[PDB]
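*Asks:* Experimental coordinates for this protein are included below, preceded by the sequence.
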Amino acid sequence: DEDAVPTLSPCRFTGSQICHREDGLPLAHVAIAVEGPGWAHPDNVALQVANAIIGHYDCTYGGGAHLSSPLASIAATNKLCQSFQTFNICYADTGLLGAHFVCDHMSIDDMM
Amino acid sequence: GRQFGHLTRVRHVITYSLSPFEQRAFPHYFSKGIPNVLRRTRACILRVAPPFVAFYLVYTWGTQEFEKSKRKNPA
């Protein structure tokens, strides 16, 4: 124990963009996030609710137009993607809160 | 017209970006800026300047000569 155990440093969030463009691949993956509060925070519960409301989609989902989620509904009706998923990844004192999706090259905008 | 998604084909190129609320609008504006404009002028003087000095000398001559022409001295 006694010698040179350190605690974790806090991690700076940038917010920033990384675009690795490869038209040889047949579909686009985007993953967007704002900064999360992380493990401890009471706000996780409430964010997870809001996330749940947006939810997730997949082209194998049963019954499309009538989904509760307005994202997932429009996604399915207008064939705007193949998949999405909301998320809230937690770390100590920080985390990534957003969604990731997958779609055709002419969907990336509308999906966004 | 022509639309994004349908422009051209591009493979293997990573663009790294930054939010403008994360960075300076004016970064090293005089530190790096003044060295560049010098370099750009240096770059272009011998193409841009000589016709205008050519004009300059033909203007100041043609002025000098025109009004000196409307003179006599003997007879």
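*Replies:* On my side now, so go ahead. Numbers count the residues shown, from 1 in each chain, chains lettered A, B, ... in the order given.

*Asks:* show me where chain B has strands.
*Replies:* Secondary structure of chain B by DSSP state E: the strands cover B:11-18.

*Asks:* Roughly how far does the residue in it that chain A sits nearest to sit from residue A:55?
*Replies:* Here chain B gets closest to chain A at one residue, residue B:17, 3.7 Å apart by CB to the nearest CB. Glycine gets a C-beta too; all of them are placed from N, C-alpha and C. Distance of residue B:17 to residue A:55, computed by CB to CB, to the nearest Å: 29 Å.

*Asks:* What of residue B:3?
*Replies:* Here the criterion is CB to CB. By it, residue B:3 lies 30 Å from residue A:55.

*Asks:* Between those two, which is the more surrounded one?
*Replies:* Set side by side, residue B:3 and residue A:55 show more neighbours around residue A:55, with 16 against 8, by other CB atoms under 10 Å in any protein chain shown.

*Asks:* got a list of what the residue nearest to that one when sequence neighbours are not counted touches?
*Replies:* Leaving aside its sequence neighbours, residue A:55 sits nearest to residue A:69 (CB to CB, 6 or more residues apart in numbering or on different chains; 4.4 Å). Going by CB atoms under 8 Å, 6 or more residues apart in numbering or on different chains, residue A:69 touches A:53-55, A:57.

*Asks:* State the distance from residue A:69 to chain B.
*Replies:* Applying CB to the nearest CB, to the nearest Å, the value for residue A:69 to chain B is 25 Å.

*Asks:* phi, psi of that residue?
*Replies:* With angles defined as degrees, to the nearest 10, residue A:69 sits at phi -70, psi 120.

*Asks:* Pick out the residue nearest the middle of chain A.
*Replies:* When CA atoms, centre = their mean is applied to chain A, the residue found nearest the centroid is residue A:99 (1.7 Å).

*Asks:* how about the nearest residue to that residue, chain neighbours excluded?
*Replies:* residue A:86 (4.8 Å).

*Asks:* List the contacts of that neighbour.
*Replies:* Going by CB under 8 Å, 6+ apart, residue A:86 touches A:51-52, A:54-56, A:98-99.

*Asks:* That one sits in which helix or strand?
*Replies:* Using DSSP states H and E, residue A:86 falls within strand A:83-91.

*Asks:* Partner strands of the very next helix or strand once past that strand, with direction?
*Replies:* Later in the chain than strand A:83-91, the nearest helix or strand by DSSP H and E is strand A:94-103. Strands that pair with strand A:94-103, judged by DSSP bridges, come out as strand A:28-36 (antiparallel), strand A:83-91 (antiparallel).

*Asks:* Out of these, flag the one nearest residue A:108.
*Replies:* Of all the strands paired with strand A:94-103, strand A:28-36 sits nearest to residue A:108, with 5.3 Å by CB to CB.

*Asks:* how about that closest one as CSV, C-alpha atoms only?
*Replies:* Extracted in CSV, the C-alpha atoms of strand A:28-36 (Å, rounded to 0.1, in the frame of the first residue of the first chain):
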residue,chain,number,x,y,z
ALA,A,28,-21.9,5.6,-42.4
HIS,A,29,-21.5,5.4,-38.6
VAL,A,30,-21.9,8.6,-36.7
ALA,A,31,-21.6,8.9,-32.9
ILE,A,32,-22.5,12.2,-31.3
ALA,A,33,-22.1,13.1,-27.6
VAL,A,34,-22.2,15.9,-25.0
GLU,A,35,-20.4,15.7,-21.7
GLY,A,36,-21.9,13.4,-19.0
